[PDB]
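Each protein sequence line maps, in turn, to chains 2, 2', 2'', 3 and 7. A prime marks a further copy of an entry chain. Read left to right, the first sequence gives residues 1 to 43, 53 to 159, 174 to 269 (the entry's author numbering). Read left to right, the second sequence gives residues 1 to 43, 53 to 159, 174 to 269 (the entry's author numbering). Read left to right, the third sequence gives residues 1 to 43, 53 to 159, 174 to 269 (the entry's author numbering). Counting in the entry's author numbering, the fourth sequence runs from 117 upward without gaps. Counting in the entry's author numbering, the fifth sequence runs from 1 upward without gaps. Every residue gets a Cβ at the ideal spot worked out from N, C-alpha and C, and that includes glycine. Step one of this worksheet: look at the structure below.
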Amino acid sequence: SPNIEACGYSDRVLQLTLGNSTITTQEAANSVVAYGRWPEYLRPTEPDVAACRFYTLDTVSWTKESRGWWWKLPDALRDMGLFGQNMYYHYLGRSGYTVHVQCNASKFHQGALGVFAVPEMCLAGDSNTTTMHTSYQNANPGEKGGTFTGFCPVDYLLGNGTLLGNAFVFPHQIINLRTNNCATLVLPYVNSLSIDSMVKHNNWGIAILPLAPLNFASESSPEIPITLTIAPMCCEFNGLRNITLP
Amino acid sequence: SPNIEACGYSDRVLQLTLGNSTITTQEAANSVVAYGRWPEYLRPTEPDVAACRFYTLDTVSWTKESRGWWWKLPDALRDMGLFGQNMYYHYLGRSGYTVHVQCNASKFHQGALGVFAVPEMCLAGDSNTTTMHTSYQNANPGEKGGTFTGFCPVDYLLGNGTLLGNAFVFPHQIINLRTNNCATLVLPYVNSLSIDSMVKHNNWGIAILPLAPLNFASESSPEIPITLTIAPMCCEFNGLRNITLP
Amino acid sequence: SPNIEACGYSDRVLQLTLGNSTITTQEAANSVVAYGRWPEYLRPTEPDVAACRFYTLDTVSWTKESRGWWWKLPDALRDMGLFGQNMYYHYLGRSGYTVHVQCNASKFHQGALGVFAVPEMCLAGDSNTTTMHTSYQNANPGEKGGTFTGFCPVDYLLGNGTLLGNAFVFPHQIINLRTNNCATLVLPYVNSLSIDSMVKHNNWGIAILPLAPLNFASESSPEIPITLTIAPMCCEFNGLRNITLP
Amino acid sequence: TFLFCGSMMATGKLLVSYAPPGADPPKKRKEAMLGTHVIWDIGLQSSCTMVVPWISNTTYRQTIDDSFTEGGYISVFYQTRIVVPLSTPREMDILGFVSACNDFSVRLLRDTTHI
Amino acid sequence: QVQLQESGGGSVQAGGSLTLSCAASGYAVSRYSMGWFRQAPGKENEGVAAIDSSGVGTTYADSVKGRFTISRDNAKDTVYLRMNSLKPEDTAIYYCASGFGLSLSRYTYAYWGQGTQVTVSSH
């Protein structure tokens, strides 16, 4: 689906400095808007830059054995400064996400990463009658995240009971080592309501699985790191409660 | 100095609702501007209503034995929501104060309170050579405050070695039971610098001592409560540091 | 519902002199129109001032044990000069009522009276199958009236089997000792017909129960009196019968 | 709406507090003080009116006991204390009232009538 | 319907320890706290002890402080009021109530038990 061919190497280093953050993106161009919609305001307190700035999660090692990785939103960013706060001090909250996944290697490494953003991504446990099942804490692995396997999400079953090959229905991009180094996914707020409670309900779900294995030239770096930078877009929350300071 | 005579009873209940707070002042009129200056902005991040709203300290009992009471700014308001936060997250900080001291009694109680705002109010310890002396913690009794005596601040010596009678040089108002029920003192930022560090340096010092004793008709309420509502005015702080969350 | 705050003391003594009567109301302002309707004429003999003037019922003692009091209209005013006459000489009759309930105390007494005007106020006797039940004479206690209890009208059951707290659906005002001294209720004619027979059917029902107990400072007046002044408004009656003089 | 029913002479101040849905019950003045609160003065005005706003996750809330959609808390504390002159009874009462607003609506007609 | 079964009452001796308990039906005991209110013959609604199921933060009345011990069970949905070292003033018909939570106040609760009579019998 993502049959693009920007250039191949590197051209232009154009940094995204929003608020306090700074990114220095590989370029800027080549981004996918989920379903063709930009995160908009409810048609409330709009913090903007205060909440709307780049936060970086923990970097994870990609290896010749890796089966995949997964995170939840806003869940992961629950331990992020002002966005971490505003999440616990309000009963409401809707937010967009600029999932900017970067992965650098050399002209000598080969493989392919597919960043899949699954809206309402519940994980594997074939009890249709009683879903949710796995405890609040397991279902929410924070900023460190969870991982796929060959709480148990099977890779070819996308960790939900449906053949991986059809995953390509959800918004995605393929970080193919020989071409792109970056993945840009703007995910607008998707839920059954106009606004809801962030602490309990998980909107999206970033799942990066390997479509091609990792092969490194003779002897080189045994593993390569993948980084996930996420940012809250056009967010609002109602309404401050006894700023119950922890 | 404060030779006023508004009315005597009660006329108009006009509430001051700033931000999240609500006051319901005895009236509105009869307020003293310290030196004729309003808290202005440095000629920075201006939080306004976020920081600029009414916070109420702990209520203290006035009795026939009371010698007085004293507080420090911003010190007291160091445990007040956003103003408490912004105080520890910034290396700077300048702020004004609307010290609105209320005291209610009946047409049967008699006495007189003089609210004295002493800029740079260091407390008694006659070591001219080595002032400050008393520990950081003693010098800073927070929102519960400190009290005068017949760390030891002598009442007739205003707790600094100068005869109380001359206290009337500092901005003040006299809550005289037979007339006024409220005291309004707007104190603009006063310090040797344009902006400084709030955590270490104490700008003002609210000191309420009794000028007349308390006498209650036969048998009534053995004591009457005095309340201090303080508010940060036209405040600014530079510049967020690793929002070092506690 | 009656969340008003006129002044608190006394301002203006403005007397209501209608016909032969004179009232000298606490003021004039602060009156409740039942449902937003003024007593109007049927859209007949209209006596005006002859029938339309102020009559005062018997004054009753309010005490720390009082459970309440109740009256019926036109019933109470059946022994009132021309309005008493016109009631027995005609087969018809419709009339409005300006129930002006006054209660004076000092700045030292405390409590709260809720004057409730219940249209078609039948009294307690849980025989749904056979209502009315209590004799004509008991149901009609004239100008002396009836009283609630802790013919038996239970106070918390408003004397009809429904929780007092919901009484606030009927037109009312709360004579709260610290604020209002007077209660003004204009009740327009309410019945299933355009005009009916007054002798048999009771339109309204003035019920004054205590919402707060009576507490008097040390030793003072052991009880305080409440007065009910009622007046017929825009009344008409058809048609003189053998002016059957008693 | 809270209506005070004590002596005219009696004075004092109280703090009516509101804590939005999901938040823990404010058990201290300081705690309750931080959130939406009104500082109701007895001495001046006899009646306080605190309009509880629409701070709700779902566009439509459960009238039933649900944690997904749970109300919150309205509590009163002694801002100051009660001051009474002379020998006037030291214990009075306060009444409370509740009502809806123009924006208040309901849906799905159901019943509960027993025999 | 929320039920609180006040169990553990009786006429013991002056200093005689007597525990109390209440079975909390209709709700998750954790969402609520639980306390105790005594009322002496012809007296008033007075507090004794109360704690919140989640925080287990204690609070006693000044007069009862020390001798009385409150403790919650989240498994059996019951509270345990260990009224140890009793006194002739502790002769008051007890009552238990689930709180919103948390502390001994005027009423401040909603679900009330039937009432168990404890009488601190003395020679």
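May I ask you to list, following chain order, the residues of the segment 183-197 of chain 3 that have a beta carbon less than 8 Å from some beta carbon of chain 7?
-> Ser-183 and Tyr-189
So what does DSSP say about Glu-147 (chain 3), is it helix, strand or coil?
-> helix
The alpha helix (DSSP H) spanning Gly-93 (chain 2'') covers which residue range?
-> 90-97
Excluding the five sequence neighbours on either side, which residues of its own chain have a C-beta within less than 6 Å of the C-beta of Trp-80 (chain 2'), listed in chain order?
-> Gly-154 and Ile-229
For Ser-31 (chain 2''), I'd like the list of residues in its chain whose CB is within less than 8 Å of its CB, leaving aside the five on either flank, ordered along the chain.
-> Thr-207, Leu-208 and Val-209
What first and last residue would you give for the beta strand (DSSP E) that runs through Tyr-145 (chain 2)?
-> From DSSP, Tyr-145 (chain 2) is part of no beta strand (DSSP E) but of the alpha helix (DSSP H) over 145-148.
Determine, using beta carbons only, whether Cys-217 (chain 3) comes closer than 8 Å to chain 2''.
-> no
Is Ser-85 (chain 7) close to chain 3, meaning its C-beta is less than 8 Å from at least one C-beta of that chain?
-> no
Give the range of the beta strand (DSSP E) segment to which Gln-111 (chain 2'') is assigned.
-> 103-112
Residue span of the beta strand (DSSP E) that contains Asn-199 (chain 2'), given as start and end | 195-199
Can at least three beta-carbon pairs, one atom from the segment 97-110 of chain 7 and one from the segment 9-21 of chain 7, be found at a separation below 8 Å?
-> no
Looking at C-alpha atoms only, which residue of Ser-21 (chain 2), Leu-101 (chain 2), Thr-65 (chain 2) and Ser-1 (chain 2) is the closest neighbour of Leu-42 (chain 2)?
-> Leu-101 (chain 2)
Are the segment 127-135 of chain 2'' and the segment 133-141 of chain 3 touching, with three or more C-beta to C-beta distances below 8 Å?
-> no
Identify which residue in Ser-33 (chain 7), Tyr-32 (chain 7) and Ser-122 (chain 7) has its Cα closest to the Cα of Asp-90 (chain 7).
-> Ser-122 (chain 7)
Could you list which residues in chain 2 have their beta carbon closer than 8 Å to that of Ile-253 (chain 2'), in chain order?
-> What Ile-253 (chain 2') touches in chain 2: nothing, since even the nearest Cβ is about 18 Å away.
Taking 8 Å as the CB-CB limit, is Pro-141 (chain 3) close to chain 7?
-> yes
Determine whether the Cβ of residue 253 (chain 3) lies closer than 8 Å to any Cβ atom of chain 2''.
-> Look at the range of chain 3 in this structure, 117 to 231, and you will see that residue 253 (chain 3) is not part of it.
CB contact below 8 Å: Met-166 (chain 3) versus chain 2'' = no
Can you give the beta carbon distance from residue 163 (chain 2) to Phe-157 (chain 2), rounded, assuming they're within the 8 Å contact cut?
-> Absent here is residue 163 (chain 2), because the residues of chain 2 run from 159 on to 174 with nothing modelled in between.
Relative to the C-alpha of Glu-259 (chain 2''), which residue among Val-13 (chain 2''), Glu-55 (chain 2''), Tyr-9 (chain 2'') and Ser-1 (chain 2'') is closest?
-> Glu-55 (chain 2'')
If we call anything under 8 Å between Cβ atoms a contact, is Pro-128 (chain 2'') one with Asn-20 (chain 2'')?
-> no
In its own chain, which residues sit with a C-beta less than 6 Å from the C-beta of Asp-157 (chain 3), not counting the 5 before and 5 after it?
-> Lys-129
Between the segment 177-197 of chain 3 and the segment 140-150 of chain 3, do three or more beta carbon pairs fall short of 8 Å?
-> yes
If you follow the beta strand (DSSP E) that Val-124 (chain 2') is part of, which residue opens it and which one closes it?
-> 118-126
Taking the CB atoms as reference points, tell me whether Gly-10 (chain 7) and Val-118 (chain 7) lie closer together than 8 Å.
-> yes
Can you check whether the CB of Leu-263 (chain 2'') is closer than 8 Å to the CB of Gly-120 (chain 2'')?
-> no
Taking only beta-carbon positions, decide if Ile-218 (chain 2) is within less than 8 Å of chain 3.
-> yes
Tell me which same chain residues have a C-beta within less than 6 Å of the C-beta of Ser-1 (chain 2''), skipping the five on either side of it?
-> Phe-191
Could one say the Cβ of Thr-267 (chain 2) lies closer than 8 Å to chain 3's Cβ atoms, at least one of them?
-> yes
Straight-line Cα distance separating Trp-78 (chain 2') from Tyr-179 (chain 2') | 13 Å
Straight-line CA distance for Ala-114 (chain 2) to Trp-38 (chain 2)?
-> 31 Å
Answer with yes or no whether the minimum CB distance from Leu-42 (chain 2) to chain 3 is below 8 Å.
-> no
With 16 other Cβ atoms within 10 Å as the buried cut-off, status of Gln-111 (chain 2') | buried
With distances taken between CB atoms, is the gap from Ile-51 (chain 7) to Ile-70 (chain 7) smaller than 8 Å?
-> yes
Which residues bound the beta strand (DSSP E) around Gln-5 (chain 7)?
-> 4-7
Identify every residue that forms a DSSP beta bridge with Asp-73 (chain 7).
-> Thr-78 (chain 7)
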